[PDB]
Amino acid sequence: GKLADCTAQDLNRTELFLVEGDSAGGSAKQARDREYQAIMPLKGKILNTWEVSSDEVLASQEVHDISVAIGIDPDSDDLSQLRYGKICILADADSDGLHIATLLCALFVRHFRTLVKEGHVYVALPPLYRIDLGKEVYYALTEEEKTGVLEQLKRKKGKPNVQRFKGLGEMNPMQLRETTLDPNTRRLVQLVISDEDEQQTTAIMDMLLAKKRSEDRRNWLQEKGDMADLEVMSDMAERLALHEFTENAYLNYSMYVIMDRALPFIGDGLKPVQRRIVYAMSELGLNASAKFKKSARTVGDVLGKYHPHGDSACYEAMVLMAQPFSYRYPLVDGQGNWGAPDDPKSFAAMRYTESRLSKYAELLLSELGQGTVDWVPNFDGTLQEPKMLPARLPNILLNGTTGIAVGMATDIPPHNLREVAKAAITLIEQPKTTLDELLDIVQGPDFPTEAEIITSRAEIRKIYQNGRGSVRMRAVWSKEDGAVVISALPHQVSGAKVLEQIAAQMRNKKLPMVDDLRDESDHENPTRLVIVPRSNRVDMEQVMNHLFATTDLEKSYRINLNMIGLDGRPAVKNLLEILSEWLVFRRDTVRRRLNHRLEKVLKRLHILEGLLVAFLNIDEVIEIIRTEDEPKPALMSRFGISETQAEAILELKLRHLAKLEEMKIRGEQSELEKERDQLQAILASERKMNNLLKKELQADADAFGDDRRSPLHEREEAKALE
């Protein structure tokens, strides 16, 4: 039993539901009104059928099963020949479910135009959130309706307990039946194109799901976001046009992917999943000095506390943060099979691996508790998570992330820590610093390989001025004992792949100067593959140039400095803009940290003053406590003391009545007064704060920095043979 069939052929009311996965499929099949309804499970996502011919959809198995399970052949039939009466799209209310629904809708448009023109295609409106503040069960579908509860929430008892349905599997079968399956209360919407909106629907769908219209999708997203800035409805409708449903669903999915899935934040240089992973690891006490713990617990904590997504993506992000060959400055230190340079994805499983935070990760979490960043409730509302991290160094450039989203993408390469820190310090010293001065300090990307960067300085200047660009890297080809020994490989290049590519040269004998191909790599020499050419009359250097031109020993890397800025909007920024925005972020975080410490110092100083007042009149204070029935107001009135100070006096212990504790209090008061003076002076003068920032950056660079790994030297274009 792969699908679910009914026990009736009456086309009047027979219904088929296309669900996301068998996790929801089980709930749908157990909650179904069989002989009336049917459920068809799909193995995950489907394929964009807009840019594929109607005769060529015979490769995927989900759509093949749909075609066998549906009367309509994939071509434009228009005949009735229908198995199930009503065809419904049952996709989860999350943005990813909306994307799957949009893909299914595109498939239903390019191949089943009759099923929409006749009016037999329906879309389910499943809820995503349930609010239970009492006997006031409330359901919502989107975050824009999960925030309208802040209106009728005029209660001070019975706190709301929001529950987010992770798709449909989280939903109980009876709840799913009542919301989206039982016709007496289900919110099914008939999707109609009609002659009035046929052209409009075709135009919008072509704009959305086209491989070449991505520019017009960027324009669409920009325009809608801009007019959303101005104005951030559901009228309980039984029918809707495709041009509205598909447009809204793809807008939601694109915005979610752009701002919550694939683009990093300028401050911490992390995508949301990475931030949640690091925060959950910190909350587990998995600091660099702690003992290793199973990655399974970390993944479970991330999924059950902050991230409502899959296991595999979280584990892949963890491995990427832990792999030295993927991250220039890894955030995770691991024990076990954490991948290999030739096969990065050959890592073990969360049951057979141990993980801990790296020392570098301290630069993202040292100031987390000192009111530095804003915090937001999690999906269930039972916890709080940091929206950002107090990055002491600009991790967006030191490590860099590569990601692809809807409309946009990003390919930020890593850079050297010390050089970027020096650039930031120079920018602080001279705010009106040109890009060229910074490029004289950073010189460009610093990949985690000992290979060479061959792109010219002028091209790098163009890339760092316009943002977009491409860099190129080569190999080290130094000769020892008359034999060529390759010691360093380009980034994301497998030695086995290079050997297999060279084997094409060996078999085709385009260059018959070779005499063997062996890999003598060992633990002492990480990569040692020896290629023995002819004698010393052939000038093998040009043959190496040809090999660079043909094989993967010289490769290019895209650069797209696209990120979410402090304004909350994606944008492409140059080196100067990135550094300025990160400096603003660091100044803000340092100000918040200083204010937090100042508040703590002032409160403790007030308490210490009250304690000293109590110590001066200890006998009278004890007499008042032992004689007066309400000693707190009496203490407040007699000594002109505050309620918090009176409570501190009342909470003093007998052991503190000794003179040594009084001396300790006096010393603490003196030190805290000096600290308060220093903090107030720093917060009052801009130059003092700039000096503090420069000192912190220099100290962090000296304590956590390292030398450049990939030297930058200009090289020729190579290329040969024709």
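Sequential numbering from 1, following the sequence displayed.
According to the record, 1 to 3 deposited residues between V232 and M233 are left without atomic coordinates.
Per-stretch averaging of Cα B factors for 116-124 and 321-329 places 116-124 on top.
If you average the C-alpha B-factors over 399-407 and over 136-144, the higher value belongs to 136-144. Within the group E668, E661, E675, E62, the record's highest C-alpha temperature factor is found at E62.
Comparing C-alpha B-factors across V538, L357, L598, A313 in the deposited entry, the largest value falls on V538. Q30 sits in the middle third of its chain by CA B factor, as recorded in the PDB entry. Per the deposited record, the Cα B-factor of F548 falls in the highest third when ranked against the other modelled residues of its chain. Ranked by Cα temperature factor within the chain, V52 sits in the highest third according to the deposited record. Annotation for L683: CA B-factor lies in the lowest third of the chain's modelled residues.
Annotation for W375: C-alpha temperature factor in the lowest third relative to the rest of the modelled chain, per the entry.
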